[PDB]
Participant: 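The structure that follows is given in the form of structure tokens.
So that the names make sense, note that chain A is the first sequence line, chain B the second, and so on, each numbered from 1.
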There are 4 protein chains.
Amino acid sequence: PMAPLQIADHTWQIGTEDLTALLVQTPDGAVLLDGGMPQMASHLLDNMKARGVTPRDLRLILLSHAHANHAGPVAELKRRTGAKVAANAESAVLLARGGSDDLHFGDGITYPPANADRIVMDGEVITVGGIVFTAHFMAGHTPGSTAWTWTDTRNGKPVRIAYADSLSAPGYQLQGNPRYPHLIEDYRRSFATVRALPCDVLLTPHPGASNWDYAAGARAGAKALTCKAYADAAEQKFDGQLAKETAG
Amino acid sequence: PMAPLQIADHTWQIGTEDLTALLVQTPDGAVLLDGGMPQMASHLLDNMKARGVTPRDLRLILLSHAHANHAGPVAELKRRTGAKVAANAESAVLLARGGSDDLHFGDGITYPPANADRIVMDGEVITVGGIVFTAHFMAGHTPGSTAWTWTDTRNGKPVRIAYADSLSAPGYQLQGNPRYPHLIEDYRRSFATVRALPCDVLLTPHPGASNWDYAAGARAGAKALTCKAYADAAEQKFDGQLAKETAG
Amino acid sequence: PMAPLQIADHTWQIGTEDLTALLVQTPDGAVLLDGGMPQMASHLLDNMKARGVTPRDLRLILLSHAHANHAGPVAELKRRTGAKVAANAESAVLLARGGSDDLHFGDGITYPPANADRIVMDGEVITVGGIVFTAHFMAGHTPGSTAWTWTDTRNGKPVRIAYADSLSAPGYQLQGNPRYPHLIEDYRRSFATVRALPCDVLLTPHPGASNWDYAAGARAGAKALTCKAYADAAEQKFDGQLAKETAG
Amino acid sequence: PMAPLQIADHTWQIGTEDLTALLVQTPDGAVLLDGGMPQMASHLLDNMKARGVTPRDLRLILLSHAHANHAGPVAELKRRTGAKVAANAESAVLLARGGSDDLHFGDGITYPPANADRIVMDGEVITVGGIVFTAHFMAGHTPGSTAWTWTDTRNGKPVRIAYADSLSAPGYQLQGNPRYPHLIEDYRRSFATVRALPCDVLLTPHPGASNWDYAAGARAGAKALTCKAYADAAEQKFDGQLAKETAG
Ligand SMILES: [Zn+2]
Ligand SMILES: [Zn+2]
Ligand SMILES: [Zn+2]
Ligand SMILES: [Zn+2]
Ligand SMILES: [Zn+2]
Ligand SMILES: [Zn+2]
Ligand SMILES: [Zn+2]
Ligand SMILES: [Zn+2]
């Protein structure tokens, strides 16, 4: 449960030390990318207030994916701020039933449900205060898993920021999943997708994945990974769950 | 986990010893009034299968009120049976946001969200194979709190059976409650209603309030109270909570 | 189809000459009350800009009732603006299903559905920029039918503004209606509700019911009935309808 | 207003000349595919009676895509029968908003909204009475466009039927469409998908697009294209629509 952490000029890390919750400050208003656990709600705004943003200053909420530890407070944040939610149809029906009936977890990770305001399509752009957010679909971890890119600045120099959802598969049945018949082929597109993302700075729903150390302060992003690296790691791990899995 | 327990020719208590779950067997389908806690879906069906009812058999699902311990498994149930859900507007909206944003409890007693299939109005009857269920709104415990009544036959003779919702108010602010300006006003009107219900037998979400010993055989409904008595003991505690409210 | 019509110092009519839609401007943002027909999203939006209110400025949307000729463009207004919708449970479920499955009209008037962001109980107050709006439930025309009250100033001289919903029953089955078993007792108390509203200035969804003439510019609401007169006039019309239905 | 039209042993066209509604009767309940125009609910139910399928015998509703002239009466059906709907994320959201905020038609084509009871992934199979229905996503005409393939038993002999959704882009802006950046990419993949469908018999939302003739009765589907032909024909038109588009 950290305090505001500058990543680039208009991008800050506002979610705890082991849970990315990105704040992108635009004149036209603020933007929240993920929000952590259902309980991290007021904390989120706290960092908002000190950051200069107030509830009515919250314009938009984007998600990496609609699970409880990453979209937990979306509903509470909407009630308490000026937030509207933009998500793909997949993230949207899932956000909407509170993470319930999860392809792989069922009801083991339900949060309170929220309604989406906008339905975005793969490669759709969202401009907030002259700041353009591009959506990159990467089905795998969830059918609606998404990647968000945007160019910020550091030294005045343009910095392309890729917010990549997990490429992980926490104990999933990959081959012949009747609930997700083409899981493997989706995940494989997703690896190559992240792999080619306009990436100067990468961040991930879990900071460990990108090698980020939010506790390291000015060093929190010194050994941080590349988009390519994290991709290939994630694949080595999947082909490693897919190998062992084959027989038995 | 208990075994079914006849109450009338076709009414059975398939819940637990501490959570009512009234199963009603009609020729052209079977009704379920409340289903207790969310984790009680297997048992609910378990109890149904062991009573001459498959998933294909659950035709209807009515509820006393949209709280976790009384409507928790309805989402799961629909997904596993051909069950439809009939409920009033107020319960329907609450069912749909998973028990979140509770007037009195907030997100403290959340559960998987479900969509109502039918919206019913005060005094509306639902007939499933010749059995008439008449809806009695009794706002208070929740805005949508209802009393479901129907005639059965015990030993082959008519038994008018009232499934009155909780008239309780665990930890509520009664007056000056901005989220429920007319609370006291509604609670009073409900007692008068709960008291004038066509009452031969009285069943309630929590067996205690009606005075029912579920795990005590056919002598379970021996110390069970009347409608009148239940609302009487209901107003008494309220008027004393309203009185204990001038303090704080 | 007209240009903005001022009612009070910060309260304008912006719909059409046959359809009411009120813009209430406050130091914290605009508040809209009904919107007319689905096709009117752009007109209303013109007027608001004419009035110095930009889309970002619309923050709240209130409704008399969720019929197509009054709640029509609400869904698009939500997409085109950051406004949020507040409504009671009945009006929230009827709005969410675009008007379909009407208790009396069925599916003959559907419009783009929408989600209420906030559900409100009877007598609940909402404050926008120091101004307070109070919801008065007046069930009948629709079971969600709401009267909205606030006070402005017509001469730097406080006027009580009452926006009350229709009290009509256009071809409604009154007594014996299975979709509305208690229609008669709701209307009745609804009359007695409208009658006693704080009401210097009265407005109705249909100008033609509270004797307004949006063309009359300077006067217009000068031969306009009072709340007592409206209320009384409806039950008169109402008590005429029942009479017929009964013996006739 | 056409009487049922036998397509195979247990597959009928119960719609109209111009629009395709398929009834697949199975040991365990009947399945329906598309319903046509919003007002077509009673006609279907009538045709369903003329085939021994009572409202309670309707179990599952499937969809090509959630446009008005194909999914129009799905909500009245769900209300008048014990039928449930299975659909993908894309379709389920468009259906949940009545065909409003269309990516290409906006809100000019609106119908009663309906909730999905089940969400399917690409290539997910749904069995009803031993009969297996497989979903093939063919994103294009709508993002949620789907093709359903089942195998009947014509005259004791199985048959491989293919209900492929429209593959048209009527008036669509194909290149650089803000709401649909990967449109063209999506279609190409969808042309491929239709081409290779298990396809003895091919049927389409609009009969003519697969050159059926519902007035031709027994003839009806005699000079009717093959999946292979249909697809490539659709790709052909798409190529001309594209190139012609690039030249302003
Ligand atoms: Zn996750
Ligand atoms: Zn995670
Ligand atoms: Zn409760
Ligand atoms: Zn309880
Ligand atoms: Zn109306
Ligand atoms: Zn009207
Ligand atoms: Zn279409
Ligand atoms: Zn069509």
Participant: Would a distance-only check, ignoring hydrogens and angles, find a side-chain to backbone donor-acceptor pair under 3.5 Å from D/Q241 to D/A169?
Facilitator: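 Side chain of D/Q241 to backbone of D/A169, a donor-acceptor pair under 3.5 Å: yes, one is there.
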
Participant: Taking B/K78 for its side chain and B/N115 for its backbone only, find out whether a donor-acceptor pair lies under 3.5 Å.
Facilitator: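 Yes; judged by distance alone, with no hydrogens or angles, the pair exists.
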
Participant: Are any side-chain N or O atoms of D/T151 and backbone N or O atoms of D/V159, one a donor and one an acceptor, separated by less than 3.5 Å?
Facilitator: yes

Participant: May I ask you to check whether D/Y214 and D/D18 show a side-chain donor-acceptor distance below 3.5 Å?
Facilitator: no

Participant: Return yes if some donor-acceptor pair links the side-chain N/O of D/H10 with the main-chain N/O of D/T153 below 3.5 Å, else return no.
Facilitator: no

Participant: Can you say whether the rings of D/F105 and D/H67 are parallel (under 30°), tilted (30 to 60°) or perpendicular (over 60°)?
Facilitator: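 The arrangement is perpendicular - the two ring planes meet at more than 60°.
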
Participant: So, does A/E245 use its side chain to make a donor-acceptor pair with the main chain of A/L174 at under 3.5 Å?
Facilitator: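 Pair found, side chain donor or acceptor close to backbone of A/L174.
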
Participant: Is a side-chain donor or acceptor of D/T127 paired with a backbone partner of D/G130 at a separation under 3.5 angstrom?
Facilitator: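 Looks like no, no N/O pair under 3.5 Å.
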
Participant: Give the intermediate values and the outcome of ring pair (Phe, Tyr, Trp, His ring centres under 6.0 Å) for residues D/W148 and D/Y163.
Facilitator: CA-CA 5 Å; D/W148 294 94; D/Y163 193 34; 9.7 Å; no

Participant: Out of D/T204, D/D34, D/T146, which residue meets the side-chain hydrogen bond (donor to acceptor under 3.5 Å, both in side chains) rule with D/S64?
Facilitator: D/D34

Participant: Taking atom types as modelled, find out whether D/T11 and D/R154 have a side-chain donor-acceptor pair closer than 3.5 angstrom.
Facilitator: no

Participant: Could you go through C/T110 and C/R97, starting from their C-alpha distance and side-chain angles, then the distance that decides it, and tell me whether this counts as side-chain hydrogen bond (donor to acceptor under 3.5 Å, both in side chains)?
Facilitator: CA-CA 8 Å; C/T110 290; C/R97 89 214 191 205; over 6 Å; no

Participant: Using a 4.5 Å cut-off on heavy atoms from C-beta on, say whether the side chain of A/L183 contacts that of A/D186.
Facilitator: no

Participant: Calculate, to the nearest 0.5 Å, the distance between atoms CZ and CD belonging to A/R195 and A/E235 respectively.
Facilitator: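 Taking CZ in A/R195 and CD in A/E235, the distance rounds to 5.5 Å.
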
Participant: Determine whether the side chains of A/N177 and A/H182 contain a donor N or O and an acceptor N or O closer than 3.5 Å.
Facilitator: no

Participant: Just so I know, are the side chains of D/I14 and D/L32 near enough to count as touching, which here means a heavy-atom distance under 4.5 Å?
Facilitator: yes

Participant: Flag the pair D/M37 / D/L19 as yes when at least one side-chain heavy-atom distance between them is below 4.5 Å, and no otherwise.
Facilitator: yes

Participant: Evaluate the side-chain proximity of D/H206 to D/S166: yes if any heavy-atom separation is below 4.5 Å, no if none is.
Facilitator: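 D/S166 vs D/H206: side chains touch.
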
Participant: Looking at D/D9 and D/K157, is there a salt bridge between them, counting it only when a charged N and a carboxylate O are closer than 4.0 Å?
Facilitator: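 D/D9 and D/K157: not salt-bridged.
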
Participant: Can a salt bridge be assigned to the pair A/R179 and A/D101 using a cut-off of 4.0 Å between side-chain N and carboxylate O?
Facilitator: yes

Participant: Would you call D/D28 and D/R59 a salt bridge, using N to O less than 4.0 angstrom?
Facilitator: yes

Participant: Considering only NZ, NE, NH1 and NH2 on the basic side and carboxylate oxygens on the acidic side, decide whether D/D107 and C/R79 come within less than 4.0 Å.
Facilitator: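 Yes, this pair counts.
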
Participant: Is it the case that atom CD in D/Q175 sees more than 12 heavy atoms from other parts of the structure closer than 6.0 Å?
Facilitator: yes

Participant: Would you compute the distance between atom CD1 of C/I109 and atom OG of C/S100 and round it to the nearest 0.5 angstrom?
Facilitator: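 Output value for this atom pair is 10.5 Å.
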
Participant: Determine yes or no for a side-chain-to-main-chain donor-acceptor pair under 3.5 angstrom, with D/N47 supplying the side chain and D/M2 the backbone.
Facilitator: yes

Participant: Taking CD in D/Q236 as the centre, count heavy atoms belonging to other residues, nucleotides or ligands within less than 6.0 Å. Is the count above 12?
Facilitator: no

Participant: Using only heavy-atom distances, determine whether the side chains of D/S91 and D/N88 contain a donor-acceptor pair under 3.5 Å.
Facilitator: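 Per modelled atom types, D/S91 and D/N88 side chains form a pair under 3.5 Å.
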
Participant: Between D/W212 and D/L202 (side chain of the first, backbone of the second, donor and acceptor by atom type, cut-off under 3.5 Å), is there such a pair?
Facilitator: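 Yes: the side chain of D/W212 pairs with the backbone of D/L202.
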
Participant: Strictly below 4.0 Å, N to O, side chains only: are D/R188 and D/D239 in salt-bridge contact?
Facilitator: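 Yes, D/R188 and D/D239 are salt-bridged.
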
Participant: Can a salt bridge be assigned to the pair D/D117 and B/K84 using a cut-off of 4.0 Å between side-chain N and carboxylate O?
Facilitator: no

Participant: Do D/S168 and D/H141 pair up side chain to side chain, a donor and an acceptor below 3.5 Å, judged on atom types alone?
Facilitator: yes

Participant: Strictly distance-based, threshold 3.5 Å: is any side-chain N or O of D/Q13 a donor or acceptor partner for the main-chain N or O of D/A21?
Facilitator: yes

Participant: Would you call D/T149 and D/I161 a side-chain contact if the rule is heavy atoms closer than 4.5 Å?
Facilitator: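 In short, these two side chains do not touch, never coming nearer than 4.5 Å.
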
Participant: After noting the C-alpha distance and the side-chain angles of D/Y230 and D/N211, does the key distance pass the side-chain hydrogen bond (donor to acceptor under 3.5 Å, both in side chains) rule?
Facilitator: CA-CA 9 Å; D/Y230 179 66; D/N211 206 51; over 6 Å; no

Participant: Could you tell me whether the side chains of A/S190 and A/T193 share a donor-acceptor contact shorter than 3.5 Å?
Facilitator: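 No donor-acceptor contact under 3.5 Å links the two side chains.
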
Participant: Before you tell me yes or no, could you show the steps for A/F238 and A/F191 under ring pair (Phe, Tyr, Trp, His ring centres under 6.0 Å), namely the whole-Å CA-CA distance, both residues' side-chain angles and the distance that decides it to 0.1 Å?
Facilitator: CA-CA 10 Å; A/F238 181 83; A/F191 296 137; 5.6 Å; yes

Participant: Does the side-chain hydrogen bond (donor to acceptor under 3.5 Å, both in side chains) test come out yes or no for D/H70 and D/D165, once each step is laid out?
Facilitator: CA-CA 10 Å; D/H70 303 306; D/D165 177 34; 6.0 Å; no

Participant: C/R80 versus C/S42: any side-chain heavy-atom pair under 4.5 Å?
Facilitator: yes

Participant: Is there a side-chain contact between D/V132 and D/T134 in this structure, where contact means two heavy atoms from C-beta onward sitting under 4.5 Å apart?
Facilitator: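 A side-chain contact under 4.5 Å exists here.
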
Participant: Under a 4.5 Å cut-off applied to non-hydrogen side-chain atoms, are D/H104 and D/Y180 in contact?
Facilitator: yes

Participant: With a 4.0 Å cut-off on N to O distance, would you call A/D232 and A/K228 a salt bridge?
Facilitator: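 Yes, this pair counts.
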
